[PDB]
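First comes the structure, then the notes that go with it.
Protein chains: 2
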Amino acid sequence: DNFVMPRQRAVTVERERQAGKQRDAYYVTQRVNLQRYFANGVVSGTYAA
Amino acid sequence: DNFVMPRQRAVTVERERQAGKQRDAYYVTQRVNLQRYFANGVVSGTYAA
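This is the structure:
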C-alpha cells in the first residue's frame, strides 16, 4: 500500500516517417516511477558478505 | 515617402509535429526589408565624440 506508480503518460508509440532515410521510425515513450508514500515499508534480504 | 518596406511573405506560423522527438515545432517565418526609393531622406543626430 505504500507504493504508488506516479504516471503522467502511458506507452505512447509515435511513428514518424523519416523519409530521406526511407525509414519509418517508431518511438515509444512512457513516464513512470515507483515512489513510496512514506519512507518505511520494504525489507530486503541479502546473502551474507 | 521615400521609404517602402518591400514585402514578399508575411508572418505565418507552421507547426510541425515532430514525432520521434515528441516535440511540436512552431516555425514562424517572414521576409521584408526597408528600402528607400532614392538615397535622400534621413538625417541622424549624434551625441558627440
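Sequence order for the protein chains is W and G. For the first sequence, my numbering assigns the number 24 to the initial residue and increments by one for each residue that follows. For the second sequence, my numbering assigns the number 24 to the initial residue and increments by one for each residue that follows. All residues carry an ideal CB built from backbone N, CA and C; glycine is no exception.
What residues from chain W crowd round residue i, counting only those whose CB sits closer than 8 Å?
i	result
G/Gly68	Going along chain W, no residue has its Cβ under 8 Å from G/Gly68, so there is no contact; the nearest lies around 54 Å.
So which of the options has the shortest CA-CA distance to residue i?
i	options	result
G/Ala48	G/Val55, G/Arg38, G/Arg54, G/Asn56	G/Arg38
G/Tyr50	G/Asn56, G/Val27, G/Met28, G/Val34	G/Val34
W/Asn56	W/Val36, W/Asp24, W/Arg30	W/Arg30
G/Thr52	G/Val27, G/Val36, G/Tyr70	G/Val36
W/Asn25	W/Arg46, W/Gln58, W/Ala71	W/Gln58
In chain W, what lies closer than 9 Å to residue i by C-beta?
i	result
G/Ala48	Those within 9 Å of G/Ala48 in chain W number zero; the least Cβ separation is about 12 Å.
So residue i contacts chain G; which residues on that side make the cut at Cβ distance below 8 Å?
i	result
residue 77 of chain W	A query on residue 77 of chain W cannot be resolved here, the shown segment of chain W reaching from 24 to 72 and no further.
| request: Please determine if the segment 56-64 of chain W and the segment 30-47 of chain G are in contact, where contact requires at least 3 C-beta pairs separated by less than 8 Å. | output: no
| query | Which whole runs of the alpha helix (DSSP H) in the segment 36-61 of chain G are 4 residues long or more, in chain order? | reply | Fully enclosed alpha helix (DSSP H) runs of 4 or longer: not present.
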